[PDB]
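Okay, so here's the structure we're looking at.
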Amino acid sequence: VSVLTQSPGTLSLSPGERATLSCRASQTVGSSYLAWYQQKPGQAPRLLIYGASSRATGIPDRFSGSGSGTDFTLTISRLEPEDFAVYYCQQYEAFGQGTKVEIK
Amino acid sequence: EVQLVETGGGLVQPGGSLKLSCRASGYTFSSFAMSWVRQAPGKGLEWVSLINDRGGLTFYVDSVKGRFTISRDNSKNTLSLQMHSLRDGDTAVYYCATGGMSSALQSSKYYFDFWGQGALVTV
Amino acid sequence: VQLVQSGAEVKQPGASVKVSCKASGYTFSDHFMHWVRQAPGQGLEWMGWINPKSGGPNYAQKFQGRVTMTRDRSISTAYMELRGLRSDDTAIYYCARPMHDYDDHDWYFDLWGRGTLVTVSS
Amino acid sequence: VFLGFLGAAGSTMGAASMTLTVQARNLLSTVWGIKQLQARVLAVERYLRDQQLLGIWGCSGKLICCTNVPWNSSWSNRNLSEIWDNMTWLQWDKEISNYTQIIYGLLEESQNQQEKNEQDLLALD
Amino acid sequence: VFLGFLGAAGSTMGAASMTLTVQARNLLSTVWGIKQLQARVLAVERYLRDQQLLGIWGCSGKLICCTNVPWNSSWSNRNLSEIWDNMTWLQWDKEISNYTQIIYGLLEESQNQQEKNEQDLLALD
Amino acid sequence: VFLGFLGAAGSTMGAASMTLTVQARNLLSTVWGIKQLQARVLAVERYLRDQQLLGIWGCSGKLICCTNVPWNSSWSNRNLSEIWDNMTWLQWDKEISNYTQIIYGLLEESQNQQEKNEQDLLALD
Amino acid sequence: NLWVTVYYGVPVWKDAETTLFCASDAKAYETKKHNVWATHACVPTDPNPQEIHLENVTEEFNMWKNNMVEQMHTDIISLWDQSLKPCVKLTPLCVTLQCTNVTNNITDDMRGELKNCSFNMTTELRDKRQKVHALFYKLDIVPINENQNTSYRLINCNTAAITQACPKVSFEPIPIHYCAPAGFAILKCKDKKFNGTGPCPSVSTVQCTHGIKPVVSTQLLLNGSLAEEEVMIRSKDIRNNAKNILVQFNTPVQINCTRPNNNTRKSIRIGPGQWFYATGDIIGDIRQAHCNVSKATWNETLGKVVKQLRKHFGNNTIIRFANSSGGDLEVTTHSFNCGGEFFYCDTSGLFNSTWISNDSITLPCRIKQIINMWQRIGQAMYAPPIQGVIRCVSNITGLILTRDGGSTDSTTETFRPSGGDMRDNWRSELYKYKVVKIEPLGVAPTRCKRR
Ligand SMILES: *[C@@H]1O[C@H](CO)[C@@H](O[C@@H]2O[C@H](CO)[C@@H](O[C@@H]3O[C@H](CO)[C@@H](O)[C@H](O[C@H]4O[C@H](CO)[C@@H](O)[C@H](O)[C@@H]4O)[C@@H]3O)[C@H](O)[C@H]2NC(C)=O)[C@H](O)[C@H]1NC(C)=O
Ligand SMILES: *[C@@H]1O[C@H](CO)[C@@H](O[C@@H]2O[C@H](CO)[C@@H](O)[C@H](O)[C@H]2NC(C)=O)[C@H](O)[C@H]1NC(C)=O
Ligand SMILES: *[C@@H]1O[C@H](CO)[C@@H](O[C@@H]2O[C@H](CO)[C@@H](O)[C@H](O)[C@H]2NC(C)=O)[C@H](O)[C@H]1NC(C)=O
Ligand SMILES: *[C@@H]1O[C@H](CO)[C@@H](O[C@@H]2O[C@H](CO)[C@@H](O)[C@H](O)[C@H]2NC(C)=O)[C@H](O)[C@H]1NC(C)=O
Ligand SMILES: *[C@@H]1O[C@H](CO)[C@@H](O[C@@H]2O[C@H](CO)[C@@H](O)[C@H](O)[C@H]2NC(C)=O)[C@H](O)[C@H]1NC(C)=O
Ligand SMILES: *[C@@H]1O[C@H](CO)[C@@H](O)[C@H](O)[C@H]1NC(C)=O
Ligand SMILES: *[C@@H]1O[C@H](CO)[C@@H](O)[C@H](O)[C@H]1NC(C)=O
Ligand SMILES: *[C@@H]1O[C@H](CO)[C@@H](O)[C@H](O)[C@H]1NC(C)=O
Ligand SMILES: *[C@@H]1O[C@H](CO)[C@@H](O)[C@H](O)[C@H]1NC(C)=O
Ligand SMILES: *[C@@H]1O[C@H](CO)[C@@H](O)[C@H](O)[C@H]1NC(C)=O
Ligand SMILES: *[C@@H]1O[C@H](CO)[C@@H](O)[C@H](O)[C@H]1NC(C)=O
Ligand SMILES: *[C@@H]1O[C@H](CO)[C@@H](O)[C@H](O)[C@H]1NC(C)=O
Ligand SMILES: *[C@@H]1O[C@H](CO)[C@@H](O)[C@H](O)[C@H]1NC(C)=O
Ligand SMILES: *[C@@H]1O[C@H](CO)[C@@H](O)[C@H](O)[C@H]1NC(C)=O
Ligand SMILES: *[C@@H]1O[C@H](CO)[C@@H](O)[C@H](O)[C@H]1NC(C)=O
Ligand SMILES: *[C@@H]1O[C@H](CO)[C@@H](O)[C@H](O)[C@H]1NC(C)=O
Ligand SMILES: *[C@@H]1O[C@H](CO)[C@@H](O)[C@H](O)[C@H]1NC(C)=O
Ligand SMILES: *[C@@H]1O[C@H](CO)[C@@H](O)[C@H](O)[C@H]1NC(C)=O
Ligand SMILES: *[C@@H]1O[C@H](CO)[C@@H](O)[C@H](O)[C@H]1NC(C)=O
């Protein structure tokens, strides 16, 4: 499968500023196949980004992403209160470890 | 590289029939129009005839329209000029030349870029 | 568009669990059905998919031999049966439908299931 | 419209060459409905093919059209009176049926594209 | 394509004779599928009939076409300003509806076949 | 008929402008029967639309047709040798695809109706 | 300086989707009274078809987005449906069946496959009834109740009604050629190493495609085309495991299939003009159906496939072949139909190999008469039994595979046979074909001016 490393393990910010979550694929060939999932505690994951850059239907524009090859990133423009969860990157059947965005 | 060699000059009697010819080497003969231009021994140049690249558009100077006939063979790389009923004003050195017109698919070529050695016709 | 799973259940080591996933709203045969594992305090973990139209399942190597996924097309329901249960199999088991994108990269799980906790204890 | 249709089929070729509009106007118009629709569509396609053949010969909108193609005596060595004052178009078609495609290929590609290229190159002058 | 369609139907005949392409471009496009196919095939046949009428008058590829047919004052004795600057084509068609076939038969067979035979015989010279 | 079809699609534009008849001749030809009838009727309608476009430009019965529309260097600033001796029609169509309608509207209504009105008014003299 | 010149008949095209019409041999139509895949909806083919080489033309092809495959799917399903509308519908046969074991001459493998079943049946007169017996296969009958009453029902009867194929209609795939209407062209990729996607530098235009036999099969492509130079591996995304991998052999593997039982056909009248054909009695010994493949030929082709897979998955990766994880009988077994009888072969012998980076096989096959074709629930058909012993020869020209996911270790790649959708069976023949629209109107600059 494709190994996905989603650094950093825990990222401590405060509301309203821009966070740049990153995922790095290792055992791949390099393409635009990635998805970003948001999983709030006690809830199932939810799709945000479907593709290297495109956005899932219904998701606000504050959630945006980009990348190509073997380096991709999620950019939350505005850390509104309903934007703190665990974020995962998916390359086919493989999933990232998970990035915690916690208030600080 | 470009060389045009005229042949068939000779001494004709008024009212005779001659067949001038021009050979070419050094370029694609089928992609250029060809012209015949005459210089009388004591006067300047005068344009006689024009034929297109394909060989189906033929133009003549007012004097020689019904008498002279231009033709070209794009497989033999030869240009020919049949001159019937040669009068006394037709004595001159004739040059086969490259140019005069062009196809719609090429740029304008309203000039003669390559000329030949020359062939004197006395009549 | 909704996937209702079965209720949470508790089992002993060595037994077999069979989670289910009823589907409503969309044509059940058009999309594949994937089963995903979220262990407590761990990342997401894909287990397998099943083609509803054929029934042909793909499993992950760790679950080869122990998991059997099936479907009943009449009631638009999918099933996943994890036999030979062990301690680490305690996890939430979601049923996910990839969406119909333009490149036919059917791995974008827009539609997840709410989950079904399987607690293995002695 | 139908009046006079084919009425010069036993007349001489010249006498029959004066009624061409009568035969040109008569060339255009459940499971039975699709069979009749297929017949009508084939009539339309056939008329279009004939008009395309006329148009690739420089003969559009023309019932009589002269060309720059010499007649070959191999095709027919008959004299003009024999053909136009002593024969019908049916007999003519019987005689030339095995030469039609040669004429149609001497009209299709040689004469028309040559002439058309020469008009383009004369329009350049 | 549809923009401007029939927009000069209340304009004078001359003003409406400057938009002919707008109306010429708008003349060409289960059991329901065969009904719509029959409608489309009839539209095609109708366009072909109109173009055939134009072609048998020496008017192919022409939206305005002059002829050698004199106007008869019996058909209409109105002056040019009345027709072209003070009437619409609908009123005109209402006026000439009972004379159309006479004009169409004076264009069909007299003028065009006469002219066409004369061009053939002049091409002989 | 099919022989040589599209065979100059990798040739230069000029070399490919000498085989136009080969591609012009290849443009005309139960529930399955109505599907195939719909395909045939759409082919007929498509040919008729193309011929109507040619006819509203003064280009009827013509495979090559010159016009009075100047070329704009904004459409393409390439030299004649580049286009006709160093490009194929496919690449050309890729280049001009976003300018085709401007040219088609400069041919549709300006050039042809202007020219046609002027021929009518010269025929008056 | 330069002026607009209009050109009609320019060799310009664009990608397009149209309704293609077949072409078939009139000859075979005279030999074939009827074939499910109608030669009547289609047209007689033209002898000496034309293929013009488009020299200097490089065209973009996409095997995985081709509407010819979808039209073929629609056409084959619809031809089947109309070939099965006139035939008799076996609704009167949905009755309780009292079934007992057949043990006249039975080998240990064939134990219980066939059952002797008695039932009450309608006759031509509406006021009288008859009791009739027929042999049925275990896969076509389901227990009515858990208790051992030995009462049985046909599997379809709960959810749907089962049509009977007409005995005269034949099932042999005959080649069909797909042709383009006027104003459309079929471009054929002549590159011998093409994987069905990307630019194709060697292109030709064809009036019609080559004859494609509608062969319905799973896990193995039969009687198809063969690769010219090397084994061809074609997947929409090879890294993705949800997309089936299509394999093309350069050399076929001959497969010999047989049902050695001498079968008989018993006519049973169920209506005024409606008949039901039944298995009758099997003359002689009863033995299981099976298929033979050459073991050396299979191993050499598998090695070639392994080499091509290594070209996509690493030079030192271990290529393991294993058998189907599960699913319906169609996908789990090599399903096919030859002679009118529908086989289902266990290909566990075929895919039983681990390939490290450095005599015949017999497949036990099973027979069925209730067939659900094309992954549809509710439109089953009853296949009438075929009288006599059937022997059957075919070429294995390719495979349909699925690569296992979730690999914990990265040194191995496991590939299991798959299938079920015939759009991936008919896309292995149409991979090199794309329909295009001719755009014959062109405008280009010239120095020529209208007078
Ligand atoms: C792959 O191709 C091979 C070779 O083409 C093909 O095997 C052939 O199948 C046909 C049709 O099943 C076989 O022909 C049958 O066998 C004999 C030989 O003549 C006859 O008994 C049969 O005719 C009976 O059935 C007909 C109805 O189908 C009736 O009309 C007729 O009256 C008879 O009752 C029939 O022709 C042929 O023998 C084989 N050939 C070989 C070499 O095996 C195979 O089926 C193809 N495979 C697949 C999976 O499609
Ligand atoms: C299936 O069982 C039936 C009984 O319904 C058998 O048919 C009978 O066979 C005997 C011979 O043993 C005949 O004498 C009887 O006349 C048959 N029954 C009837 C109603 O005619 C049949 O042999 C069995 N078939 C198999 C294959 O075992
Ligand atoms: C089929 O061959 C083509 C051409 O070699 C491959 O396309 C290359 O791979 C990817 C797409 O997978 C793209 O970057 C380019 O289109 C190609 N890259 C090049 C030429 O550098 C295609 O991947 C091959 N497919 C298979 C299944 O082997
Ligand atoms: C498939 O292979 C088997 C095993 O080799 C064949 O079975 C043999 O068939 C021959 C010829 O009829 C018999 O004499 C042998 O006794 C059989 N051997 C066994 C059962 O071990 C079978 O014929 C083959 N089937 C085909 C080619 O259809
Ligand atoms: C698949 O392969 C396995 C071995 O990988 C086969 O099982 C062995 O078969 C041999 C020869 O018959 C026996 O001596 C061994 O005892 C078997 N077991 C093992 C663990 O090797 C198996 O028969 C094959 N399956 C088929 C052909 O369906
Ligand atoms: C038939 O032939 C006769 C004499 O052969 C001639 O007078 C007459 O006009 C012809 N009629 C037609 C209709 O061709
Ligand atoms: C007439 O046809 C013959 C063959 O029958 C051919 O040899 C000859 O060249 C043709 N004549 C002309 C002038 O084309
Ligand atoms: C034309 O047709 C036949 C058929 O090919 C040919 O053999 C014959 O010579 C020709 N007939 C006439 C009357 O010229
Ligand atoms: C309508 O008529 C008025 C005056 O009668 C005129 O000014 C106007 O242009 C006409 N409009 C049209 C669309 O014909
Ligand atoms: C005009 O029509 C009348 C009949 O109304 C007819 O007598 C007359 O000859 C026609 N005039 C011309 C010039 O044709
Ligand atoms: C034209 O139509 C009618 C119907 O034949 C005719 O009687 C009438 O005289 C004409 N009408 C006009 C307004 O010229
Ligand atoms: C292909 O190109 C070569 C050189 O580029 C040329 O010689 C040849 O004529 C071309 N062929 C076609 C069919 O366009
Ligand atoms: C050429 O196109 C430009 C716009 O790109 C326009 O401004 C200009 O007038 C055009 N030239 C002519 C001669 O029509
Ligand atoms: C023509 O097509 C695209 C699509 O609009 C346009 O953006 C581009 O500038 C043009 N392409 C070329 C190669 O001229
Ligand atoms: C057939 O009908 C008889 C009575 O006619 C009944 O006793 C028997 O059970 C029926 N057999 C079945 C349903 O197999
Ligand atoms: C099987 O393959 C051989 C060898 O290529 C070939 O000659 C034969 O026609 C093929 N048979 C079938 C039924 O496709
Ligand atoms: C099958 O049975 C029929 C019935 O007569 C017989 O003719 C034929 O020889 C038998 N075939 C075999 C292979 O036993
Ligand atoms: C696959 O092979 C295994 C043994 O490895 C066997 O038990 C199983 O039944 C096979 N599955 C199918 C679907 O044939
Ligand atoms: C096939 O060759 C491979 C080589 O790795 C190996 O599995 C085995 O020796 C061969 N198997 C058979 C059954 O011939």
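Residue numbers (my numbering), protein chains in the order written: chain Z, 1 to 104; chain F, 105 to 227; chain D, 228 to 349; chain U, 350 to 474; chain Y, 475 to 599; chain L, 600 to 724; chain H, 725 to 1175.
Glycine included, each C-beta is placed from N, C-alpha and C at the ideal position.
Taking just the CA atoms, how far does residue j sit from residue i?
{"i": "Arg142(F)", "j": "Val728(H)", "result": "38 Å"}
{"i": "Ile319(D)", "j": "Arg310(D)", "result": "16 Å"}
{"i": "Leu154(F)", "j": "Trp219(F)", "result": "14 Å"}
{"i": "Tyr37(Z)", "j": "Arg645(L)", "result": "49 Å"}
{"i": "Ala623(L)", "j": "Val668(L)", "result": "24 Å"}
{"i": "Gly356(U)", "j": "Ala364(U)", "result": "10 Å"}
{"i": "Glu954(H)", "j": "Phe973(H)", "result": "7 Å"}
{"i": "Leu190(F)", "j": "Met362(U)", "result": "47 Å"}
{"i": "residue 229(F)", "j": "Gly407(U)", "result": "This structure cannot speak to residue 229(F), because chain F is shown only from 105 to 227."}
{"i": "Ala1168(H)", "j": "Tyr731(H)", "result": "8 Å"}
{"i": "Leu838(H)", "j": "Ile830(H)", "result": "10 Å"}
{"i": "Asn1039(H)", "j": "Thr1025(H)", "result": "18 Å"}
{"i": "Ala250(D)", "j": "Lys40(Z)", "result": "23 Å"}
Nearest to residue i by alpha carbon, out of the options?
{"i": "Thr618(L)", "options": "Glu681(L), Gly603(L) and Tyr698(L)", "result": "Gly603(L)"}
{"i": "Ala305(D)", "options": "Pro240(D), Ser348(D), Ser256(D) and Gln239(D)", "result": "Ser256(D)"}
{"i": "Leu124(F)", "options": "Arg171(F), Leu149(F) and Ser184(F)", "result": "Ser184(F)"}
{"i": "residue 585(L)", "options": "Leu679(L), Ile655(L) and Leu723(L)", "result": "Chain L is shown from 600 up to 724; residue 585(L) falls before or after that span and cannot be answered."}
{"i": "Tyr33(Z)", "options": "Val345(D), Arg341(D) and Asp328(D)", "result": "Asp328(D)"}
Item to complete: Quick one: which residues of the region 488-516 of chain Y get their C-beta closer than 7 Å to a C-beta of chain U? List them in chain order.
Response: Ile508, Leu511, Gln512 and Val515
Worksheet item: With contact counted as at least three CB pairs below 8 Å, one residue from each stretch, are the region 899-907 of chain H and the region 915-929 of chain H in contact?
Response: no
Discussion item. Give the residues whose C-beta lies closer than 6 Å to at least one heavy atom of ligand 18, in chain order.
Written reply: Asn1047(H), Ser1048(H), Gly1050(H), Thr1056(H), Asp1070(H) and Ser1072(H)
Practice prompt. Say whether the region 734-749 of chain H touches the region 633-647 of chain L, bearing in mind that this needs 3 or more beta-carbon pairs closer than 8 Å, one atom from each stretch.
Written response: yes
Worksheet entry | Contact the region 129-139 of chain F vs the region 193-204 of chain F: 3+ CB pairs below 8 Å | yes
Worksheet item: For ligand 17, which residues have a Cβ under 5 Å from at least one heavy atom, in chain order?
Response: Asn986(H), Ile1007(H) and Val1113(H)
Item to complete: Quick one: residues with CB closer than 7 Å to any heavy atom of ligand 4, in chain order, please.
Response: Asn980(H), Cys981(H), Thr982(H), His1014(H), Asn1016(H), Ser1084(H), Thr1086(H) and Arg1115(H)
Worksheet item: Is there contact here, the region 534-550 of chain Y with the region 571-580 of chain Y, by at least three beta-carbon pairs under 8 Å?
Response: yes
Worksheet item: Quick one: any contact between the region 326-338 of chain D and the region 280-295 of chain D, if contact means 3 or more CB pairs under 8 Å?
Response: no
Item to complete: Report yes or no: do three or more beta-carbon pairs, one from the region 1009-1021 of chain H and one from the region 981-995 of chain H, lie closer than 8 Å?
Response: yes
Worksheet item: When Cβ atoms are compared, which residues of the region 444-469 of chain U fall closer than 8 Å to chain F?
Response: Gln463, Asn466, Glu467 and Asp469
Item to complete: Could you name the residues of the region 395-412 of chain U whose beta carbon sits closer than 9 Å to any beta carbon of chain Y, in the order they occur along the chain?
Response: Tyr396, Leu397, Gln400, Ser409, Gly410, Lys411 and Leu412
Practice prompt. Quick one: which residues of the region 682-694 of chain L get their C-beta closer than 8 Å to a C-beta of chain H? List them in chain order.
Written response: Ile682, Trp683, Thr687, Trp688, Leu689, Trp691 and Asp692
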